[PDB]
Structures are given as C-alpha cells and as structure tokens.
4 protein chains.
Amino acid sequence: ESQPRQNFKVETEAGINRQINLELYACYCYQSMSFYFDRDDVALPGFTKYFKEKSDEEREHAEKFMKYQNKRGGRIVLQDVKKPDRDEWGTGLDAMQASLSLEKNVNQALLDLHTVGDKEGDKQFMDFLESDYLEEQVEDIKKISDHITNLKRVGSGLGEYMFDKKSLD
Amino acid sequence: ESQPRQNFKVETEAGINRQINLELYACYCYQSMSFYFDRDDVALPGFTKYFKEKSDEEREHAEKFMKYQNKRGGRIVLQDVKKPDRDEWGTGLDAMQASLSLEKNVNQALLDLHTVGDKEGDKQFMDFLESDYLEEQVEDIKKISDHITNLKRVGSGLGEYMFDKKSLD
Amino acid sequence: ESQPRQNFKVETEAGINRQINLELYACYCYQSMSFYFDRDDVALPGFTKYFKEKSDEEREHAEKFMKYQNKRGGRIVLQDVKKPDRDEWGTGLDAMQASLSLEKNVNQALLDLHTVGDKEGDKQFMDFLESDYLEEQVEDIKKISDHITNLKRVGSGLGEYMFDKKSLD
Amino acid sequence: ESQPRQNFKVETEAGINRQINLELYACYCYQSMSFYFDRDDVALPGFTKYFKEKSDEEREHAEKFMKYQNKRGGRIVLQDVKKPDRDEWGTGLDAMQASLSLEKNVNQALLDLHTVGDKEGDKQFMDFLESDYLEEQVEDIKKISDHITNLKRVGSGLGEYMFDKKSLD
Ligand SMILES: [Fe+3]
Ligand SMILES: [Fe+3]
Ligand SMILES: [Fe+3]
Ligand SMILES: [Fe+3]
Ligand SMILES: [Fe+3]
Ligand SMILES: [Fe+3]
Ligand SMILES: [Fe+3]
Ligand SMILES: [Fe+3]
C-alpha cells in the first residue's frame, strides 16, 4: 500500500485510469479536427485555432488526472489511445456537432466516475471532480451549443466564413 | 405633512408611485429579453448584453423616482411588478419591435405624469421630468427605431448575425 | 430536449425558476428598505447605502440563476415578484431583524433546492449551489446577526446614529 | 428700452429686484448663524463652517440674479437688507429649524417669481429659474430636513456634539 493511500479504493483508482484514456482520446479528436480545417480545401483558420486550443485543454485534463492519481497513491496504467472515428469532419457545423457529442460523452463518463467516488465515500475525490471537471464541462457544452445555433443561423458559404471570423476570436 | 413638503400635491405623489412600478416593469421585461437571447437555441450575445444594459437603465429610472419622491416629502408605496407579457421574444427584429412598443408606453405614461404636474403648478417636478426622463426617452425611441430599420434591412440568418456584431457594440 | 441538456431533471429546472423569483423578491425588499432609510423623517444614510448594496447583490443572485438555467438547457419562466410585506421598516434594529429573517428564508429555500439536486443526482448543480450561494448565505447571516447585537448594544437615539457611522462603512 | 430687451416685462424685472433682496437677506441670516456658533459659549465649529458655506451660496444666488437682470436688459435696484429676525439661534436643532423655515420662504418666493414669468410668457426666464434655483432649493430643503431628524435623534449634549463632527464634514 503506497505511503499516501487513505480512503482511496482500487475501483476509484481504476476509474481514473479509464478517464485518463478518454481525455487523451478527446485530445486526439480535437487535434484531428484542427488540422482538418487547416487543409487547403477547407482552410478555415479560426476553426483550426479553436480546435487546437480545445485539444490542448483535453491534454491538460488527462495530465491533471495523472497528477491526481499520484497524489492519492494510485498507479497510472496507460492504454492505447484510439484514432478518432472520422478522418474528415465535414462542414464547420458538422465538426461542431461532433464536438458536442464528444463533450457530452466525456461528461457522462465524468458523472459515472463521480458515482464511483460517491458510493466509495471518497469525499475529496468528489469535490476534485466537481471543482476541476464538472463545472468546465457544463460551460463547454453551453458554448458549443451556442456555436451550433449560430452556424445554423448563418448557413453555408459566406455565413460559415463570417462565423469563422466573428465567433472564433 | 412631511418637513420638506411644499407645492407637492397628493395626486403628483400618487402619479410618481405608479411610474415607479412601470419603470420596474420595463426593467423586468428587458431582463427577460436579455436572458432569452442567452438561450443556447438563440445565442446572440450582443442582444443579450444590449438588453442587460437597458434593464439596468430602467432600474436606475425607478430608483431615481424613488429618490425624488423622498426629496419632495412624498412616501413611496410599492406594488407587485408583473411578469412580462411574453416568455419568448421571437427574432431579434421581434424583440426590438417589442422594445419600441414598451418605450413608447413608458413615454406616454411620463407625458401623462407631466400633465399632472403641469395642472398642479409643480414647476420643479416638470423640469425634473423634462431634464431626466423626457430627453432620454426621445433618444432611446430614435435609437430603437434605427435598429428596427437595420434588422429589416439585413434580413434573417447571416444578416441578423452580423447586426448582432456590428450594430450592438 | 435542448442541446446542452444532460443529467438535468425537470424538477431541478422548476426549482431554479422558483428560486429566481425569491431572489428577485429579496432584491425588492432591500430596495424598499434602502429608500425607507432615505426618508427625511428617517434619514440614516449608512443604512440607505447598506441596503442598496444588499439589493444589488440579490439582483446578481437572481441573474446568476437565470444564467445557470440557460447553461444546463433549462428554460426560464418568470413570475410576478410580490411587493414586500411592509411599507415601513421601523428602527434600524427592526430593519436588521427583518433582514435576518429574510436571509434565513432564502437560505432554507436554497437548502431545499440542494435537496432536489441531491435526490436527482445532479452532482454539478449541488457544487454550484455550495460554491456560489450556500457559503455567501452563511457569511451574510453571521454579519447581520452581529449587526443586530450591536444595534441592541448601542440603543436608540445617539447609539443608532453612531452605528450608522461606525458599523456601516 | 435697453438694447437686449426682448420678451422681458417690467413686472418680471421688478420681481427679480425683490428676489435679489431676499437672497441677500438669507445670506445675512446664515452669516449671523455661522458666527453665533462661533461664540465661546456655543463653540460648535461644524455648524459654524456649515452656515458660512450656506451664506456664501446665498450670496451667489443674489449675484447670479443681478447678472441675469443685466443679461435681459433690466436695471438692478437695490434696497436695504434687513438684519435677521434673531440675534441668537438657540441649539443646533433650533438653528436648523430656523434654516428650514428660511429656505421654504425663499422657495415660495421663487415659485411666485416663476408664476410672474409664466403669465408673462417668459419662456427663457422660467427655465433659468427651474435649472438654477428650483432644483437647488428642493435639494437643500431635503438635506436640512434630514439634519433636523438626526438632531432630534441624537438629543442634546453629547448627541449634538457628535452630530457636529459626523454629519457636518
Ligand atoms: Fe476533458
Ligand atoms: Fe472540452
Ligand atoms: Fe425608463
Ligand atoms: Fe429605456
Ligand atoms: Fe440571494
Ligand atoms: Fe443576501
Ligand atoms: Fe438662495
Ligand atoms: Fe440655500
């Protein structure tokens, strides 16, 4: 039993290892999205920058879980991170819709991880998830939904072009 | 009779209490408008900010009347402020049209209040209304009418999107 | 079902709409208190400023709930905000005592809303209430209780006058 | 007929000469009040400074009427300014009460002067009175009434001493 370990169950420890893989997978997806909009036949630089920043955020999510795992005395066990499920992401609207579905899947996985901590009485782990992950997911899911509405509002062509300029930095 | 009271008729005092309620009602309407454009399925942040500022202006209108009531020796009597007459405000054009109708109703109520002061010989109250309310209403009604014209000019979709960016801060 | 909606129950959504009305009602009460101490026959400017700041805080409470409602995918439904239950608030001590009773009623309503979120498994909503509302209520209820003790200590007349100068900014 | 004279009736011109005398009389009263509280057997330096500032304000009122008289083409005719009706002004409360009665007498005289301008169709003179005199009188009468309430609240002795320190600069 590691020196720091206290009120930290193996099932909680295993759940954190699974979430690390998912955050790394989300990071991979956004990286793929970013460079897809960097293609010469797509060429939307706001979308490119937007998904690069989102990719880096997900990397921070994974590493903060790695750091937390060590803090509690758990042991990180890494797995293959799968390639994303598409090679091309359609229009800006399509990519944004994919991004919402991704964020909602990470959110449910986080809520499932909270439940493991709750049933195990991991009072600290629950507040860690609440403060550092659950709040951010809710903000991100709202922002992305707004983006979806506006990409539908502006339409294709010039509309998508201007959204790239005015809604993304 | 309160210490400051001089040339201040009960009918003028009652009129100010009625106007306080209306300014508070306008404030409530704009608050509702602001957060309606903050819905994920509306998501126009310029409209949201625009109506939040207008809501706060109306709150200032109500409180300045409360302050004036005390200055003259009157007594503030508050009433229920009704919920606004809609829960959803349509398009940006629809909301702007509603906002013009609201401002013109407050304006007529102010002009009716001026008439109470005029017939009662309340020379100071008349100039207070003129300087601090009538001028602002005329400016606001012109600004809103311009906004209506431009929302008709740009049309729905991308047009409404760009008005949100270029005409509202 | 709105785009962001996830782990957000209609009963939680309805509870937030009820709390919005209560925060708006508290805001109305403090506004009434503020201008009551601005009467020429009351004329305590520290109490006036103190309750104006408290009124604005309650307005922020209501609007942050409106913002949160939209974040989760709920729909804001506004209701009449009732006039406060008094037109005059007595002495500084009386007003402070009323203010404590008000804050404790909002607190219980918040704790009742936490229970709705808890039973529904709304992990994020619970931490939102904890971080942004429950902590502030506990601070405010302590501050007000201290004020009550000191208004009893100083007594009426000069004592109430000096409390207005030394305990309120 | 003087070069500037236009829409300026002799009755309006005579009314301004009467008001000049009254403003000068108010200035004299406040001067007497100021130095009364400077007596070694009164010795309240906040009251002394407070009435000195009020005296200087009244002097400005008289001179602005003198300036306005010349602007319209009227001719200033000065009269004896009577000594104030008391030589000693009692307590701080007594002096404040006298000061309220004085300000309300000047106010009624101003409202009577507005009526002369109104019946004569002196549109400019009416707004001059409104902007530069009527607003200030209403502010001053409210401030003084507040002071009366607080001098009653604190009582004699230490209370009057502390009002001199905390309510007057
Ligand atoms: Fe993440
Ligand atoms: Fe994310
Ligand atoms: Fe208004
Ligand atoms: Fe307005
Ligand atoms: Fe609150
Ligand atoms: Fe509060
Ligand atoms: Fe004067
Ligand atoms: Fe004066």
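We count ligands from 1, going down the list as the structure has it; atoms in each ligand are counted the same way. What you see below is based on every heavy atom in this structure, not just the backbone, and it leaves out hydrogens, waters and symmetry mates. In the text below, chain A, chain B and the rest are named by the order of the sequence lines, each starting its count at 1.
- A cation-pi geometry, defined here as NZ or CZ lying under 6.0 Å from the six-membered ring centre and within 45° of its normal, does not hold between D:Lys52 and D:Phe37.
- At a cut-off of 2.8 Å, A:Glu57 is not counted among the residues with an N, O or S atom near the Fe ion (ligand 2).
- Taking the N/O/S atoms of A:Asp140 in turn, the shortest distance to the Fe ion (ligand 2) belongs to OD2.
- In this structure, A:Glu136 and A:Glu103 have side chains that are not in contact, with every pair of non-hydrogen atoms separated by 4.5 Å or more.
- In terms of distance to the Fe ion (ligand 2), the nearest N, O or S atom of A:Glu103 is named OE2.
- Within C:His61, the N/O/S atom positioned nearest the Fe ion (ligand 5) carries the name ND1.
- C:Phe51 and C:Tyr30 have parallel rings, their planes meeting at less than 30° on a 0 to 90° scale where 60° marks the start of perpendicular.
- For the Fe ion (ligand 5), the N/O/S atoms of C:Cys27 include none lying under 2.8 Å.
- Stacking of A:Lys64 on the aromatic ring of A:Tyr133 is recorded, both the 6.0 Å distance cut-off and the 45° axial limit being met.
- With ring centers used as reference points, A:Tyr50 lies under 6.0 Å from A:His147.
- Here the N, O or S atom of C:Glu23 that is nearest to the Fe ion (ligand 5) is OE1.
- Atom OE2 is the N, O or S atom of A:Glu58 at the shortest distance from the Fe ion (ligand 2).
- Crowding of C:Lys83 atom NZ: a count of heavy atoms from other residues, nucleotides or ligands under 6.0 Å exceeding 12.
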